[PDB]
Structure formats: structure tokens, C-alpha cells
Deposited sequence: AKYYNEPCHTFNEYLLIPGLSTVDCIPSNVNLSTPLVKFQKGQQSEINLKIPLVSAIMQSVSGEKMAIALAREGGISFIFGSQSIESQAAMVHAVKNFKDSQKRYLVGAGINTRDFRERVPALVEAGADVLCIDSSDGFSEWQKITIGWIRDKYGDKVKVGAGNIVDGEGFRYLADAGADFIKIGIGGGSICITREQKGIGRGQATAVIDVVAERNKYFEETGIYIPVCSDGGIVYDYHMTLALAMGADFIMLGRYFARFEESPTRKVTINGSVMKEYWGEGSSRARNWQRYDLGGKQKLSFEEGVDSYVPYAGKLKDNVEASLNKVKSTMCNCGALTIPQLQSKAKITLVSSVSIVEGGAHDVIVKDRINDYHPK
């Protein structure tokens, strides 16, 4: 078997060390745009978000309201695929025909032959294979089928890998963007598979950067899961992630499709995992945080502020200049 020369780490084990902040670096001048899909060197991505946040492919988070709300702020949602092809297709259509908003859709490696056409006809701007382990022939086959039928006209995100090898496989398979994260989810012990979210992102980004140099193709990567604090967003971006996928964070908003409940005088909101027995056959609570616009605005202002402490006016600048340190276990145990 193969072992590693060092243990994996989570976002909570790192801190950013300030760099030179110039007079022109004010939060208001910070550009949070980022590429969603792969593009060739010297060119621009066919799809660019204004903000680096995307909502999780979950019944408890990415519904119509969320897709529209998040799209309005510059992000994009991936309508959960744990429902019938018609339902999803409809939701996608609804978002597109609201008055245009970008919308994504999750797909599986089983019914893609009939699921993809529907989503495409429905107007989905981008798809993403949904899996806890994307390092497999099924994703290669699924992605290959899509290229076979739509060429580069259909954008499909892929996987969920945690190392260079997994990244490499999906990159060669054709994926437009690759998703990172196994076990870091807040609602994730069972199979004993996973890796610290921070280490997974750092390792995958290094591989992605090599790949770019080798092929001239820049494949955006998404840090999926593990975001507990706003500053985790800044760390994920600083470590190389182009955009971030969150579930819990969004589940707490008014726009999520879960019901608002009250527990012990506190207004909560339901939130369950896609791997739970209820979604797979198409569980917990999170504090109600209010409207998406208000929250997203706050989190990103904090992100923008921090970027300037690091001397960065753009995400690529941050990824280049960021100084990141590990923190001792005792420091965290405070």
C-alpha cells in the first residue's frame, strides 16, 4: 500500500499571515469573479461567476428559489438530481424563464443518457456528476458519452476526488471543472474514506497547476464541503480553489427549500444529507440565518477585507501572494 509523509488537515488548522497592503487595496476594489469551466491558456472561460460561491447538489439546498437568489448575487446553484428527470428539468426551466440567470444541474452516472438531454433542452448552463467517489470509470464513461453527443457545447463538472491522481483521471476524461471533497462535509466514520479538506485542496491544486503547464488547459477546481466559518472561504480560495460549494451555509437561508421550524425558542431549518435514507430513495437542523443576499454580502465583505490584508485585489492574486501557516493542535484546543 501507499502512505503519506504527513497527516492531512482541515481548514480550522490554518491562518493567513498578512502581506503588504497597498493604498489601492480597498474592499470596494476587490474583484471576486472566477472561472467556472475549463479554458485554454490565453483565453477566457465561457462561464465566469461574479462571486466564487455555488450551492450544493442537495434536495435540502439547491431548489428554484435558491438558484434564482444565488444567481442574482453572482453565483450559481446546482439543482439537486435526486428527483425525477422531469422535476429537475422543470426546476431548471423555471430558473431560466424567470427574467438571464445562470443555473446548473447535477447528474448521476446511471440515467445520464436520458437525463442529460432533458436538462440541456431545459436550458441548464452547466452540469455536474454527483458522487462521493468520482475516481471511477463511470464518470469517465458519463463524461465521454457527453462529449460524444454534445462535444464541448455541454459543460460538465465532475467527480469529487481528494488527490492529484483522482484529479488527473477526471482531467483526462474531459471534465470542465473538478470537485474536491470527501468526508469534510458537515453532515458526514462509515467507510473510513476521506481526507482533510485543506490538504485535499492543496494537493489537487498542485496537480491542476502541473496539468495546466503540461497541456495549456486550465481546469477550475471546486472546494466542496467543510466550510464552517466565513474565513474558511478565504483559505479555500487562497489554497487554489477557484470556487466553493456549500450546503449547510445555504440551507440556513430563507431561500432554501427546507421547512422553517422552531426548537427551544430558536428558529431552525431542516437539513439532511444526500447520502441519508430519504434522498437516496426519491438529517438535522441548522440555525435560520435569514436572507441569502444579506448573508452572502457579509461573508464576502469579510473575504474582500482579508484579501487586502494579504495584498490581493483578485482571487488569482490571492492564490499567488497568500501566506498560509498551520496552527498547533494546542492553539486550536485554545
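Asker: In sequence order, name the stretches of the deposited sequence that have no C-alpha in these coordinates.
Answerer: Unmodelled stretches: 100-103, 193-195, 290-306, 359-376.
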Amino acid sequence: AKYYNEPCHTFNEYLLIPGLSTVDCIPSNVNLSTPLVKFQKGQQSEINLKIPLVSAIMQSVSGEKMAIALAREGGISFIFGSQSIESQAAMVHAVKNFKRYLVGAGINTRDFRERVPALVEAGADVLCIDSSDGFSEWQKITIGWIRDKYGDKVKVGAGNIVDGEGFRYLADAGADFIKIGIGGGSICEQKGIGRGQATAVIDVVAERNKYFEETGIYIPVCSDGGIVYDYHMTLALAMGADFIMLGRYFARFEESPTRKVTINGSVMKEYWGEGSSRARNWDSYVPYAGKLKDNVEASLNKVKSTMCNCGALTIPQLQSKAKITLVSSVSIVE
From here on, numbers count along this sequence of modelled residues.
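Asker: Name the higher of the two by mean Cα B-factor in the PDB entry, 19-27 versus 318-326.
Answerer: Mean B over CA atoms: larger for 19-27.
Asker: On mean Cα temperature factor in this entry, is 40-48 or 305-313 the higher one?
Answerer: It is 40-48.
Asker: Using only the C-alpha B-factors in the record, can you name which of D172, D125, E189, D242 has the highest?
Answerer: Answer for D172, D125, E189, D242: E189, with the highest C-alpha B-factor.
Asker: Whose CA atom has the top B-factor in the entry, of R168, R195, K155, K96?
Answerer: Largest recorded C-alpha B-factor: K96.
Asker: Based on the entry's values, in what third of the chain does the Cα temperature factor of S33 lie: lowest, middle or highest?
Answerer: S33: CA B-factor falls in the middle third of its chain.
Asker: Would you mind ranking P257 by its C-alpha B-factor against the rest of the chain and naming the third, lowest, middle or highest?
Answerer: Tercile = highest for this residue's CA B-factor.
Asker: Split into thirds by Cα B-factor across the chain's modelled residues, where does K140 land: lowest, middle or highest?
Answerer: According to the entry, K140 has a C-alpha B-factor in the chain's middle third.
Asker: Where does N264 sit by CA temperature factor within its chain: lowest, middle or highest third?
Answerer: Ranked within chain, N264 CA B lands in the highest tercile.
Asker: So where's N209 on the chain's Cα temperature factor ranking, which third?
Answerer: Within its chain, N209 is a lowest-third residue by C-alpha B-factor, going by the deposited values.
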